[PDB]
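Heads up, the chain below is alone and in the form deposited in one PDB entry; it's given as C-alpha cells.
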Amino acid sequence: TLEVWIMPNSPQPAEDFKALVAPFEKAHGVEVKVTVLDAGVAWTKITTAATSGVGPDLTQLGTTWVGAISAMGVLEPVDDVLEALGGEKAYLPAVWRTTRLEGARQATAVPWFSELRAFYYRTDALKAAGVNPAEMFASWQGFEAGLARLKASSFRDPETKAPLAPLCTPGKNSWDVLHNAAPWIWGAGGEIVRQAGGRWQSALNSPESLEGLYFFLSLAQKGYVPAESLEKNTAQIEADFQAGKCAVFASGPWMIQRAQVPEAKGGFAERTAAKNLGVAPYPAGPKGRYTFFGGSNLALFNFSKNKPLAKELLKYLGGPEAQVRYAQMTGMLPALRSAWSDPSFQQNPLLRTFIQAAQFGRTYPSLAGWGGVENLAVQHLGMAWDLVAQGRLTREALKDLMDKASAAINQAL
C-alpha cells in the first residue's frame, strides 16, 4: 500500500483520485490509500508530518509551499522522476521553477497541475460597446479604453435587464489578493522580490511595481468596478459573471467546463454569459505580457517505507495519461506540456486560448519564507484596497504603504 494526501481538487475529491490511480493499482498489484485534507487544515497537517516524521508517502503541495517544506530537509530528491518525464524541456519555465527551493541543486517536487489566469469577457457586451477584444487585451491603454466604452455602453443583459459592470475583481477579501496584482506588477517591469548579492528583498516599492499596482487599483477608483465587488472573493465574482452582472473578469480554465454544465448541476450553461463567452490573455504592460501561474505539485517524504514504488506513482501521476484525465477532473491545465495537445483541450478554442496565455507564464521565486512575504504584501495591498474603496488612493499613499510593506518583508527575510 501507498498513502497519498491531496486537497479537494475535483468535485468528488477521493472518488476522482481513486478512479485516476485504479490503472496504476491494477498494473503494480498495490492499493493507494488517499486522505483528503480540507484547505483550512492541509498546511498544518503537512507541517506536523514534516516535524514529527509520521505521515503519508506522497503529499500534494501548493507550488508556493515547495520552498518551506524543501528547506525542512524532509523531502526525497525526484530528479530521476523529472528526467523520466522528459526533464526541463517537458515543462513551462514558470512550472519548472516550482520543482525545487530557489537556488537548490536537487528537485524536491513533481508538477501535477497548473492554475493560470486570463480574462473572460461577454462577447455580446464588447460588441454592443464597439470594443474589439484584440484591441482591449493588446495593451494597458487598450484595456482601460475598453472599460471606458463598456461603462458608457447602453447594453443590458437580456435576462437581468440591467447594465453590466465593466470589470469585476476582488479587493482584499480573497485568497489571491497578490496573484490578482502580480501580472500588473510584472507587466510594468516590476516584481514582488528582487535578489541582491545572494540575499532577497522587497521590490514592491520599486517605481515599476508602483506603476503596475496603481494602474490596476485605480481602475476600481474610476467607476469600472462596482463597490460591492471589493467585498467579495473570486468564487463570488465568478457567480456575479455567471448571473450576467460583469462584462470582464479574470479566472482559471475551469469556468469553460462550468459554461457547459446546467445550473442544476453547479454550472451556468443556460445563462447568457455561457453562450457569449470569450477568453483573452492578460494585456501587455509597458515591459511585457505575463500570466500568473500557481497550482499543485506532489512530493515524497524521505521517511517513506516505499520510495521506489512511490516514485513509480509520481511518474504515473506526472505522465501523459493521468496528466490529461486529472486536468479534466480539476478544470486545470496539465503541468506536463505534451498533454496540452490532447483532443480534450485542442477541440475547445477557449481552452486553446489558455494554452496561448500559458506561453507568458511567470510565478514567484520558490523561497523558504514565501508565506511571510505574501502575507505582509497582502496586508498592505489590503490597506491600499481600503483607500480605493473610499476613492482616496493616490500614487503617494500607495508608495507609503508599499514602503511599510517593504520594511517588514526585508525584516522577515
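Shifts are known only where both forms have a C-alpha. Just count from 1 along the sequence shown to find any residue number. For the two forms, the rigid core is made up of the largest set of C-alpha atoms that agree within 1.5 Å on superposition.
Below, we refer to the form deposited in another entry, which is not included among the displayed structures.
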Quiz item: Superposing on the rigid core, which residue among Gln201, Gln236, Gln257, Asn173 shifts its Cα by at least 2 Å between the shown form and the other one?
Solution: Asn173
Practice problem: With a shift of at least 3 angstroms, figure out whether the C-alpha spacing between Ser174 and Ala243 grows or shrinks in the other form: closer or farther? | Solution: farther
Quiz item: After superposition on the rigid core, which segments of 3 or more consecutive residues show C-alpha displacements of 2 Å or more between the shown form and the other one?
Solution: 172-175, 196-199
